[PDB]
Every structure is written in structure tokens, then in C-alpha cells.
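[1] No letters, just coordinates:
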């Protein structure tokens with residue numbers, strides 16, 4: 001099944017910051033496409049792009065605790081509207097358990113019918 005990772009790039013990013021966060025995500029999750037967003041516009045773009053290629057599971061990498069978390073909320077809002085399984089890995093210590101809720105808990109929500 002298709003897997004896509006989305007970095008919540010900071011407001012003071014540019015390319016190198018977003019890239020380093022993407023490189024780390026790809027080392028942890030080399031089975032998934034890694035993307036980056038710093039704004040509501042890149043949030044929608046990355047999500048509506050993940051719809052086109054059919055992201056069975058989407059795992060956003062950043063917080064859900066501040067005004068800055070709207071990026072992650074918009075990616076999840078576009079894909080959760082599309083009907084795919086979407087999550088926010090709001091951690092740096094339970095991270096492995098949380099990305100595993102993509103690959104694992106996906107089947108528990110998408111095997112709901114005969115195929």
C-alpha cells in the first residue's frame with residue numbers, strides 16, 4: 001500500500017531545513033515519499049498531490065499544539081476529506097510507535113469490506 005510523509009517546515013526555513021527534516025524522515029521511513037510544507041498553500045498542494053498518486057496512508061511530521069500546527073491540520077483535512085488514513089506524529093520519542101500506526105492501523109480501517 002502507498003505511504004507518504006509530510007514535514008511541518010518552520011516559518012524560518014528555506015530549503016536546507018526542510019531538506020534535512022525530509023532526509024531524516026526518509027532514513028526512518030524509506031518505504032514512503034517524503035514531502036515538505038511551510039504554509040497553508042504547500043499543505044494543500046502536498047495533500048492534493050498525494051491524492052493524485054493515491055496515498056493509502058499519510059503521516060505528517062510535526063506538532064499539533066500551537067498556531068504553527070495549521071499546516072499539519074490542512075494536510076490532514078485535505079486527505080481525511082479524500083478518505084485516506086491520516087495522522088500527526090507529534091513526538092521525537094514515541095515516533096516509531098506513531099509511524100507504525102500508519103502501516104499497521106491502516107489495515108484495521110481499510111479492510112472493512114470483502115476486498
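    Perfect, I can see it now. Numbers count the residues shown, from 1 in each chain.
[2] in stretch 21-34, what's buried?
    Under the neighbour-count criterion of 16 or more other Cβ atoms under 10 Å, stretch 21-34 has 21-22, 25, 29, 32-34 buried. C-betas here are computed from N, CA, C, even on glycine.
[3] wait, I meant stretch 76-84
    Of the residues in stretch 76-84, those scored as buried under the neighbour-count criterion (16+ other Cβ under 10 Å) are 76, 78-79, 84.
[4] now those residues as JSON lines including distance to residue 102 and secondary structure?
    Formatted as JSON lines, the entries for the buried residues of stretch 76-84 read as follows, by distance: Cβ to Cβ, whole Å; DSSP: H, G, I helix; E, B strand; the rest coil:
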{"residue": "76", "distance to residue 102": "12", "secondary structure": "helix"}
{"residue": "78", "distance to residue 102": "17", "secondary structure": "helix"}
{"residue": "79", "distance to residue 102": "12", "secondary structure": "helix"}
{"residue": "84", "distance to residue 102": "10", "secondary structure": "coil"}
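[5] now, among those, which is nearest to residue 39?
    Sorting the buried residues of stretch 76-84 by how near they are to residue 39, with Cβ to Cβ, puts residue 78 at the top with 13.7 Å.
[6] tally of neighbours for the nearest residue to the closest one once chain neighbours are set aside?
    Spatial nearest neighbour of residue 78, excluding adjacent residues (Cβ to Cβ, 6 or more residues apart in numbering): residue 47 at 3.3 Å. For residue 47, the neighbour count with other Cβ atoms under 10 Å is 27.
[7] give me phi/psi at residue 47?
    Note on residue 47: backbone dihedrals following degrees, to the nearest 10 are phi -70, psi -60.
[8] Residue 85 versus the residue lying closest to residue 74 once chain neighbours are set aside, what's the distance?
    Leaving aside its sequence neighbours, residue 74 sits nearest to residue 43 (Cβ to Cβ, 6+ apart; 3.7 Å). As judged by Cβ to Cβ, to the nearest Å, residue 43 and residue 85 stand 17 Å apart.
[9] Next: residue 14.
    Residue 14 sits 31 Å away from residue 85, going by Cβ to Cβ.
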